[PDB]
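Read-outs: derived from the displayed coordinates by stated rules, not from any lab. Here Cβ is always computed from backbone atoms with ideal geometry, including for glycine, and neighbour counts include all displayed protein chains.
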Amino acid sequence: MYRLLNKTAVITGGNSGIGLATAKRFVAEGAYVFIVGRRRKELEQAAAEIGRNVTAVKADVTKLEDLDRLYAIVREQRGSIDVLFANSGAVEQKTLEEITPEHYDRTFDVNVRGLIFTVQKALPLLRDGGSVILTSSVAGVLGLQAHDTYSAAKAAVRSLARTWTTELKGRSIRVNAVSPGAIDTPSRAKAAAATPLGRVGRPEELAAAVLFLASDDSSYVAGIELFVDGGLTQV
Amino acid sequence: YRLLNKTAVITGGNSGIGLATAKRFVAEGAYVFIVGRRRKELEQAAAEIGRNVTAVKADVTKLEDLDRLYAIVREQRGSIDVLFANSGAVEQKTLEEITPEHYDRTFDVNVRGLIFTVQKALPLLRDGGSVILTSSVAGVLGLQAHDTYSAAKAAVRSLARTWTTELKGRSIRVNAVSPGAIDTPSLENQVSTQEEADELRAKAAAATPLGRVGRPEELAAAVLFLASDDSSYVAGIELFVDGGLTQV
Amino acid sequence: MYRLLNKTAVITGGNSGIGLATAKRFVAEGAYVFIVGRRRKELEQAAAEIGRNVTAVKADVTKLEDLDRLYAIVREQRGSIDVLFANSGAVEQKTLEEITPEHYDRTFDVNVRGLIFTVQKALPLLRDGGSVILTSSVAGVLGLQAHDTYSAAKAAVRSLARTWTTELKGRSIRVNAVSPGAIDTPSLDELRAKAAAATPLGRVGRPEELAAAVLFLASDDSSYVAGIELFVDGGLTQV
Amino acid sequence: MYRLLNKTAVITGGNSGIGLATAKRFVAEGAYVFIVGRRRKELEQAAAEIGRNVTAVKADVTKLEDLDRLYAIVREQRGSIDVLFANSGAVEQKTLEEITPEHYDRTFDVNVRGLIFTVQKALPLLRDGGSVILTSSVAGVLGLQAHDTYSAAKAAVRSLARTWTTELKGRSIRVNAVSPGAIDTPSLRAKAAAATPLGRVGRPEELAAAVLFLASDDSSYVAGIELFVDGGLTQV
Ligand SMILES: NC(=O)c1ccc[n+]([C@@H]2O[C@H](COP(=O)([O-])OP(=O)(O)OC[C@H]3O[C@@H](n4cnc5c(N)ncnc54)[C@H](OP(=O)(O)O)[C@@H]3O)[C@@H](O)[C@H]2O)c1
Ligand SMILES: NC(=O)c1ccc[n+]([C@@H]2O[C@H](COP(=O)([O-])OP(=O)(O)OC[C@H]3O[C@@H](n4cnc5c(N)ncnc54)[C@H](OP(=O)(O)O)[C@@H]3O)[C@@H](O)[C@H]2O)c1
Ligand SMILES: NC(=O)c1ccc[n+]([C@@H]2O[C@H](COP(=O)([O-])OP(=O)(O)OC[C@H]3O[C@@H](n4cnc5c(N)ncnc54)[C@H](OP(=O)(O)O)[C@@H]3O)[C@@H](O)[C@H]2O)c1
Ligand SMILES: CC[C@]1(C/C=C2/CCCc3cc(OC)ccc32)C(=O)CC[C@@H]1O
Ligand SMILES: CC[C@]1(C/C=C2\CCCc3cc(OC)ccc32)C(=O)CC[C@@H]1O
């Protein structure tokens, strides 16, 4: 506890899976968390599971006007952002032969386009010395059947952590990417066979790695790709 | 010669790296289709190449232009041995400056158009063919005001991995080339003055171990390696052609 | 606060710099620490700075018999090892033209040879589920003038984290490499503000900052992290 | 007449596998080649298979006095070096628990120590603008059971290509690493082919062709890289 004491965190995709596990860990570490998603019922249930120091905000990150509304609320309730975890994303499998323009747009709108504007519109509220975490994926460095657009989109996310390291260094804002392997979320058994640790990861394990990047334990860590995959991409 | 009687399609082939590659390919015995949007430059490029070339006007962001392109290739040559997906463009904008229109322009040409260029080439691509994607050193660097371009070129490199896996049954190799600073009309188009362009150039030469910008013919020669049988056991890679910039 | 509660840690090169800063953090998190080095007075002064739950062990990690002695002491006093931080290393600058066999041998003996046998001889004591941290360097992915053998040796260190991930997975032992950038340690003046200019964060790192990253890898917070290279360099190698 | 016309190339480990395959391709491209190895009969059969424009040199590259002899022969017969392919290496499998000091010393002496001094002593003869190719391995980026010392040594080899890029840039000498995957040579069943997208082991001639790219002027703007020649094994 106390490892994020009194810090204000915004987590997109915070109503399920990894974002929710991270929201819980952040609150346990003393932070106040805004969880962001499109479904209000799931946001309300997630916020109830978190139990304290949480505000749920309905927002589609692909809509600029929803991001403006999100940050107006953050400005009303807390006034600034210390930690931003841009975790909203979705995987849809299509082979190259199968790719449609709509499939391409759905993948890049949420994973890249919405991520760019999520971070852009947080800049006025981000405090100097803050920490931004981007969700990439092991897919960003692999050649996975039928993951064409998702893998390419997550590779784009990792690149943005590099560029934003350079652009935000004057404000001492650190930007790092986390690249999860197989995590037991709503997003089968071969992932456990291909991973040295021999199992899929738990969402709490990804939350703990994101906590490292959000916390002062990583104060000299900038621009990296932190693989949290039980060794999958490393051997 | 090293591409004797091979059929090559080069998008962005009317200038810079694509044109130098077209010239080298024809010099190695290939028949080349050069593809671009500008008719004056396509005709002059085809005239400079001089032989074994068909210029095709096509905007890779328009699906119907890609259909027409591959109808022309099917009629004139019947199949594709080498596909060099080289069309792309850089516009400098910082994170604060990014507009939806800037983002869309960058990813439409660098990623969307690249995906459908390769997708629509699949029926004509021969088993054992070679596909080369143009990424960039920007795809592994953190360059001021290159947010969308660098991210887009990282996406391009990822696709070489995915398509290696998906096309392995047809023995089609897919590889990415990542140029450093190459002396083309593109280095001068992203800046607003030629006092800036000479700064960007001698800065690139100073950060590169070989101490100079690359010549377009040098990138063409690396693309030739990936197109030729010399790379028959090379698949999914990122070939940096940058004078050592990203390697030290 | 107690993230290494009841854990036994062995830190080679714990006499000073990163190893010493890591030893302090480990003890603050509840571990019992063995610090290992060649100089006894400096070990005693370091252990006094640590203040509690520490045993200093004199050992030259390049000498197989000193490693045997080290682990015999660990076996009597604590019985097992939970965390191994192999931090012994040294930089000597020589250009390719300048390299002698002795310069080559000294660099790889401490950086690679001594590390291999430090880990080999810890295996009988390493508990299932333990964590091993190897010290690589940003030099392992760079082309730095006159760092020929040091950079190559640190690249070898990072490779071993991969191989040992595969070999030790049946025992659920995680092996990870930390790759420090410029850290303000006794490894020195004015080349420091040279490194600070090349780093996005605009500064050299503090040893406590590297210690915090090693703690992450040692702690259960990194329980799904295996085989990685964790760059702690203010962005130097990442942009 | 060709891509290496009248160029002088030195290939260590040139009496078998990739070394020999590369020597043959280099000669086919117009080069004069020195092949280097320890065994006289096999160097002698290697030179006979190449057939022309080749000098066999008996030398243990881990012995500094043999390297001096090697480069004296190169200077006398050809006068300078355009391409250096430092290809000597060997795999011995030992797990961490099994590693002995003798095993470690043998692995690093051939793969790293001998490689360093091979390149060091070639420096006086290397032409400005020359090309140096180092043999790394896919093992240098993988976690392969019982490959502890070999993988670490090949990782060291790839690192040296970066450092020497920086140190030799004033002479415009390019240094690049080639990292072979599974290549069908006497140094070695379906497991390698099953993990590789191209679905087969590589032919020695295929690695030779990749080394030729790095040796030839086609790679004149390529420096410090790791060229994977592995059918996609490490790339997907
Ligand atoms: N699980 C894995 O193995 C894995 C591996 C690599 C990367 N990731 C990435 O981790 C992140 C979270 O995924 P997950 O594993 O936790 O599965 P998940 O439970 O499905 O999480 C998806 C989250 O993103 C939200 N979301 C999706 N689209 C959104 C949109 N336009 N606007 C706002 N919110 C949106 C979702 O809430 P709403 O639908 O209500 O909006 C939800 O909270 C993603 O970026 C994912 O690609 C996961
Ligand atoms: N230092 C470098 O030069 C460098 C570095 C990294 C990557 N690259 C990449 O190398 C590739 C070649 O660019 P270049 O350096 O040689 O400059 P360039 O070719 O002179 O300019 C871009 C080329 O792509 C074509 N193009 C642009 N948009 C197109 C579209 N919708 N459809 C069809 N063609 C299009 C252009 O032809 P039209 O305008 O007539 O259509 C032109 O031929 C690019 O992808 C570039 O990003 C270059
Ligand atoms: N500082 C940086 O910027 C930086 C950057 C990259 C990597 N690193 C790595 O980080 C590690 C920690 O070094 P440091 O920077 O903190 O310097 P340091 O610890 O101040 O000096 C090296 C330490 O290793 C010990 N050591 C050296 N040879 C030994 C041997 N044969 N047996 C036992 N112990 C030995 C030394 O103690 P004794 O001499 O008393 O034995 C000393 O405590 C090193 O491996 C270094 O290569 C540091
Ligand atoms: C197209 C511009 C680009 C940029 C590279 C440099 C040269 C290397 C260092 C560098 C630092 C920068 O920060 C402001 C910006 C640019 C740069 C080129 O030269 C060609 C491709 C690459 O995209
Ligand atoms: C020697 C200290 C060390 C390497 C120094 C650098 C890294 C930064 C760039 C640099 C440029 C130089 O001039 C040619 C010389 C050295 C250097 C660091 O600090 C990081 C690891 C390693 O211990």
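Each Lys and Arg adds +1 at its Cβ and each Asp and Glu adds -1 at its Cβ; summed about the Cα centre, the protein assembly as shown shows a dipole of about 960 debye.
Shielding by partners for peptide A:165-175, expressed as the average number of C-beta atoms from other protein chains within 10 Å of each residue's C-beta, is 5. Computed with the Debye formula from one identical point scatterer per Cα of segment A:60-125, without solvent, the log10 of I(q)/I(0) at q = 0.17, 0.20, 0.23 Å⁻¹ comes to -0.63, -0.78, -0.94. In chain B, the sites counted are trypsin sites (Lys or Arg not before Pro) in DSSP loop states with at most 14 other Cβ atoms within 10 Å, and the longest stretch holding none of them, exclusive of the sites, is B:63-248. Both radii come from the Cα set of segment B:121-248: Rg as radius of gyration, Rh as Kirkwood radius; their ratio Rg/Rh reads 1.02. Projecting the Cα atoms of B:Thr162, B:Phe25, C:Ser179 onto the charge dipole of the protein assembly as shown (Cβ charges, centred on the Cα centre) puts B:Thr162 farthest toward the positive pole.
Shape analysis of chain D yields a ratio of the Cα radius of gyration to the Kirkwood radius, Rg/Rh, of 0.95. In loop segments of segment B:115-215 as defined by DSSP, there are no chymotrypsin sites (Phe, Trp or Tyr not before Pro) with at most 10 further C-beta atoms inside 10 Å of their C-beta. Note on A:120-130: average number of Cβ atoms from other chains within 10 Å of each residue's Cβ is 1. Rg ratio for segment D:1-138: its Cα radius of gyration over 2.2 N^0.38 Å, N being its residue count, equals 1.06.
The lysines within cross-link reach of D:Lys94, meaning a Cα-to-Cα straight distance under 29 Å and a gap of 8 or more places when in the same chain, are A:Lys190, C:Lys63, C:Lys121, C:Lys154, C:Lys169, D:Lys63, D:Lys154, D:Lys191.
If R0 equals 45 Å, the separation of the Cβ atoms of D:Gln93 and B:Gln144 corresponds to a calculated FRET efficiency of about 0.40. Each label point was placed 7 Å from the Cα along the Cα-to-Cβ direction; for A:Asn6 and B:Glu48 their separation is 6.4 nm.
Considering only B:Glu196, B:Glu28, B:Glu96, give the residue with the highest GNM mean-square fluctuation for chain B, with springs between Cα atoms whenever their separation is below 10 Å. The residue with the greatest mean-square fluctuation here is B:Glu96. For segment A:9-124, a simple Cβ point-charge model (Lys and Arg +1, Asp and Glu -1, everything else neutral) yields a dipole of about 440 debye relative to the Cα centre. Helices in chain C, meaning DSSP H runs of at least 4 residues, each add -39500 (n - 2.57). Divided by all residues, the mean residue ellipticity at 222 nm is -12000 deg cm²/dmol. Note on chain A: with charges restricted to the Cβ of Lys and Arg (+1) and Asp and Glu (-1), its dipole about the Cα centre is near 420 debye. For the protein assembly as shown, the C-alpha radius of gyration sits at 0.93 times the compact-globule guess of 2.2 N^0.38 Å, with N the residue count. For the pair segment D:131-173 / segment A:131-188, the C-alpha centres are spaced 28 Å from each other. Peptide A:192-203 is shielded by partner chain Cβ atoms: per residue, an average of 3 of them sit within 10 Å of its Cβ.
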